[PDB]
Amino acid sequence: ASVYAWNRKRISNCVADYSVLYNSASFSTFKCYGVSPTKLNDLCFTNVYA
Amino acid sequence: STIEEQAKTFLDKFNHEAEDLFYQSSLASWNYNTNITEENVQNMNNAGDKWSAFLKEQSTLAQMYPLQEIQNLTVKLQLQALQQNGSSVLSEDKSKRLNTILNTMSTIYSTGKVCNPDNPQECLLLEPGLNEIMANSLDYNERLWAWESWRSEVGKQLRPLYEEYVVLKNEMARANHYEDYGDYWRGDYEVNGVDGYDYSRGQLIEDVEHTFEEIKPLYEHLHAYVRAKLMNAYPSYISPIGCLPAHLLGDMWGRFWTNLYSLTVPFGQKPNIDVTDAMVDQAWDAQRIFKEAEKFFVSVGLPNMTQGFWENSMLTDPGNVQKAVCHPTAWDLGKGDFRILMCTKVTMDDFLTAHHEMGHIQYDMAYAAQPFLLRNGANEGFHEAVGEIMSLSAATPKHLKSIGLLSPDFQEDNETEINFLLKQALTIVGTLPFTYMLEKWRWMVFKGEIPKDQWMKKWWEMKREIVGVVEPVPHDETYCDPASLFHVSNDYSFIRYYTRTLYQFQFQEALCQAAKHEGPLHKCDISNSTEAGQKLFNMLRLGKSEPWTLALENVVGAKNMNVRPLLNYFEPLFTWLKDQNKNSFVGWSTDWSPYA
Amino acid sequence: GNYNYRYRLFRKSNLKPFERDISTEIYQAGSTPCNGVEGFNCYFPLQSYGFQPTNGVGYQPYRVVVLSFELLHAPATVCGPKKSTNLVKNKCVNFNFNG
Ligand SMILES: *[C@@H]1O[C@H](CO)[C@@H](O)[C@H](O)[C@H]1NC(C)=O
Ligand SMILES: *[C@@H]1O[C@H](CO)[C@@H](O)[C@H](O)[C@H]1NC(C)=O
Ligand SMILES: *[C@@H]1O[C@H](CO)[C@@H](O)[C@H](O)[C@H]1NC(C)=O
Ligand SMILES: *[C@@H]1O[C@H](CO)[C@@H](O)[C@H](O)[C@H]1NC(C)=O
Ligand SMILES: *[C@@H]1O[C@H](CO)[C@@H](O)[C@H](O)[C@H]1NC(C)=O
Ligand SMILES: *[C@@H]1O[C@H](CO)[C@@H](O)[C@H](O)[C@H]1NC(C)=O
């Protein structure tokens with residue numbers, strides 16, 4: 001989507017494997033604010049907004 | 001709300017809609033230059049017409065915002081740059097006539113072909129047919145024939161065109177609240193609104209005369225030495241008391257004296273610093289030349305070239321099937337796209353040109369953070385000067401030894417430094433009186449000090465007085481001898497070379513003081529010095545956001561252009577020329593004593 | 001040139017966090033009313049991106065995905081993968097089965 005009309009996808013009731021994203025070489029920025037990437041694959045959240 | 005916020009939003013809209021369009025126009029010009037084909041010419045013309053019409057519409061929108069209600073210096077600078085009418089203040093018939101005159105002068109200069117009367121079956125164009133003859137021949141009457149025949153054809157075609165050109169440009173300039181077209185050209189150095197750092201259009205001519213009065217003894221000694229050597233080369237034509245004949249200066253117009261280095265060498269028996277054979281022996285490709293230049297620019301601390309530079313530049317001649325312009329040009333296409341179009345050979349000249357154009361690329365990259373209409377040099381002198389300082393630093397024997405191109409057992413004695421400094425003087429010092437005389441003559445023509453029937457009588461009088469060069473035979477008013485040069489026939493400012501030459505040595509002294517070099521200035525190399533690169537990049541990142549006086553304070557610590565770094569650079573050569581001119585007579589006579 | 005990506009260039013006030021503005025109403029920068037037409041001091045707020053493959057890295061298109069993690073008083077159901085150690089039987093081990 002365009003930045004004025006940015007797409008928001010609500011992610012619920014599944015298993016979120018963040019190590020697949022973190023260990024990818026295809027991403028230039030993976031800057032996490034408020035949490036570290038190593039404990040993302042352990043912690044649990046109510047909803048994920050993408 | 002306020003006028004300033006309205007202008008800020010308008011400038012954001014302008015930069016946004018003028019960046020993609022400038023990128024399209026620049027890409028079309030690039031596709032024309034790397035591929036000379038008729039559809040690329042049509043695409044270039046369409047993009048240029050769209051760009052000029054868009055600039056006309058944005059200037060029309062921009063004038064409705066008055067200047068005196070804006071206090072921010074950068075916003076006021078962009079509004080001042082945008083609100084210039086250009087040719088739009090002139091009537092549509094006269095604007096069309098001026099554009100037609102400029103285009104037909106471009107076609108006459110580009111497609112001008114001249115050869116000997118009674119032998120018309122084939123003829124030679126200026127580049128490279130006449131350039132090689134002017135730079136390499138040793139025959140007096142052949143060079144006289146080529147010079148007089150090319151000024152006969154070109155001047156007799158261009159004289160009514162130039163007479164219309166001066167009137168139309170003066171009309172446009174006085175319609176734009178300037179005194180003349182010379183004042184319009186001098187308005188590039190005009191700084192208004194900054195406390196202390198203000199520079200006036202009338203101060204430029206006074207500063208040029210003040211610097212040239214200190215140039216004059218060094219040029220007089222160099223002219224006496226060149227006169228003695230050309231008297232040795234041509235025994236009877238040159239007089240001991242008079243000026244130099246015009247067709248013997250090694251170039252078509254007298255722009256550079258660098259083609260007289262073979263005739264005027266001090267110590268021919270001693271070797272040269274030519275590194276061509278070493279690159280041929282080590283098989284140095286042009287890619288290796290540009291990578292060594294990039295290594296030089298990362299050694300001083302400047303940013304390295306982008307991936308798009310290496311992907312999209314043409315650093316080698318494409319072939320017979322594909323046509324390209326051979327002139328080396330660095331292109332800032334916009335949106336972070338930086339390219340070099342050069343047909344690079346394995347020579348020292350192409351290596352120094354590669355350093356010069358990559359200096360242009362570094363200068364273009366440095367002000368990429370600036371707004372679009374401020375993406376230029378602070379004046380026209382800085383943009384060329386930052387390439388010429390790289391040409392100075394790369395040409396040193398220390399740089400050649402450091403990169404391995406010169407033998408470590410090469411003996412650097414005083415004689416090689418003298419002849420290298422003389423070559424640099426023939427390139428650099430010799431263009432200064434020609435540049436000053438040409439710009440002062442054009443300023444007096446635009447100001448109306450010289451009437452149209454007296455243009456040439458004054459001009460040769462100026463050339464004898466300033467350049468010390470005499471005409472072979474007298475020329476009447478049917479000739480147009482200035483407009484045979486590329487820049488004057490195609491509406492280009494010429495004082496940029498004078499300002500570039502002085503800024504070159506000012507920047508050289510500033511960076512060598514930054515690099516803590518402890519020897520002669522011409523022995524100085526600015527590689528390996530992070531602080532010199534930082535001092536350079538502080539001025540380089542500003543672009544046109546700050547005044548050139550403040551930028552010169554940022555580099556050299558002075559508020560004005562200075563002549564002392566040039567004299568300090570050539571001081572060993574100045575003492576050597578004063579020693580060599582004991583028997584001979586320094587200075588010239590403006591009379592017709594050699595030949596007329 | 002890929003011009004299929006527009007941005008908002010002007011708005012009267014800054015956006016709130018996680019706000020989407022898809023309005024296409026003419027921005028009024030001046031005192032004069034726009035009247036719905038893009039004239040002088042009145043600009044269309046949505047402007048297109050110019051994306052060419054020969055552009056520099058500061059102008060090349062970048063796809064950005066921002067993941068927002070919030071904890072609310074409801075039971076958290078988007079959990080990470082729970083790494084499972086192979087099962088060992090017939091030995092005195094510390095077992096952790098589903099908490
Ligand atoms: C130059 O133009 C010709 C004719 O249009 C074309 O065939 C050729 O591919 C072009 N060269 C490049 C490098 O694109
Ligand atoms: C002038 O405008 C630029 C942006 O247009 C801004 O960054 C700068 O801070 C302004 N300067 C002053 C003194 O307001
Ligand atoms: C441009 O031309 C218009 C029309 O004469 C004039 O009103 C305006 O002042 C000119 N702008 C400048 C900067 O001279
Ligand atoms: C420029 O320098 C950076 C930092 O060292 C490096 O990552 C990059 O690959 C260099 N670019 C080129 C084209 O060598
Ligand atoms: C170089 O130095 C030597 C000895 O100091 C001297 O004899 C010679 O004249 C010098 N050459 C030049 C060109 O100054
Ligand atoms: C500058 O740095 C490069 C890289 O370390 C080195 O090869 C070169 O010799 C240095 N220059 C001098 C004059 O030491």
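Order of listing sets the numbers, starting from 1, for every ligand and every atom in it. Reminder, nothing fancy here: chain letters follow the sequence lines and each chain counts from 1. Hydrogens, waters and symmetry mates are skipped; everything else that's a heavy atom, side chains included, is used.
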Quick check on atom 2 (O) of ligand 1 - does any protein heavy atom sit closer than 4.0 Å to it?
yes
For atom 7 (O) of ligand 1, is there a protein heavy atom at a distance under 4.0 Å? no
Using a plain distance cutoff, I'd like to know if B:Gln307 has any nitrogen or oxygen under 3.5 Å from a nitrogen or oxygen of ligand 4. no
With under 30° as parallel and over 60° as perpendicular, where do the rings of B:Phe505 and B:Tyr569 fit, or are they tilted in between? tilted
Practice problem: Would you please classify the geometry between the B:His356 ring and the B:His360 ring as parallel, tilted or perpendicular, with 30° and 60° separating the classes? | Solution: perpendicular
Decide whether an N or O pair under 3.5 Å exists between B:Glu415 and ligand 5.
no
Of all protein heavy atoms, the one nearest atom 4 (C) of ligand 4 is B:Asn304 ND2, 4.7 Å
Pull out every atom of ligand 1 sitting under 4.0 Å from any heavy atom of [X], numbered as shown with elements.
X: B:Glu39; result: 5 (O)
X: B:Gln322; result: 11 (N), 12 (C), 13 (C)
X: B:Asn35; result: 1 (C), 2 (O), 3 (C), 8 (C), 10 (C), 11 (N), 12 (C)

Candidate pair B:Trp284 and B:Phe290, rule ring pair (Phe, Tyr, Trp, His ring centres under 6.0 Å), full reasoning: CA-CA 10 Å; B:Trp284 275 38; B:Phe290 280 96; over 10 Å; no
**Q.** Trace of the ring pair (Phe, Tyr, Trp, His ring centres under 6.0 Å) decision for B:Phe570 with B:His522
**A.** CA-CA 8 Å; B:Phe570 293 100; B:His522 63 279; 8.5 Å; no
Is it true that B:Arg288 and B:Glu292 make a salt bridge, defined as a side-chain N closer than 4.0 Å to a carboxylate O? yes
* To do: State whether the SG distance for the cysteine pair B:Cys524/B:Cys512 is less than 2.5 Å.
  => yes
Checking heavy-atom distances from atom 11 (N) of ligand 5 to each of B:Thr575, B:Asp579, B:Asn414, the winner is B:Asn414
Checking heavy-atom distances from atom 13 (C) of ligand 4 to each of B:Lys291, B:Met305, B:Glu311, the winner is B:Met305
Ligand 4 to B:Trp310, heavy atom cutoff 4.0 Å, flagged ligand atoms 13 (C)
| message | Would B:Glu546 and B:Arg541 count as a side chain to side chain contact (heavy atoms under 4.5 Å, CB included) here? Give the steps. | response | CA-CA 10 Å; B:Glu546 287 311 305; B:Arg541 71 157 315 274; over 6 Å; no
Counting from 1 in the order shown, the ligand 5 atoms closer than 4.0 Å to a non-hydrogen atom of B:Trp576 are 13 (C)
Taking atom CG as the centre, does B:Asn320 end up with more than 12 heavy-atom neighbours from other residues, nucleotides or ligands that are less than 6.0 angstrom away? no
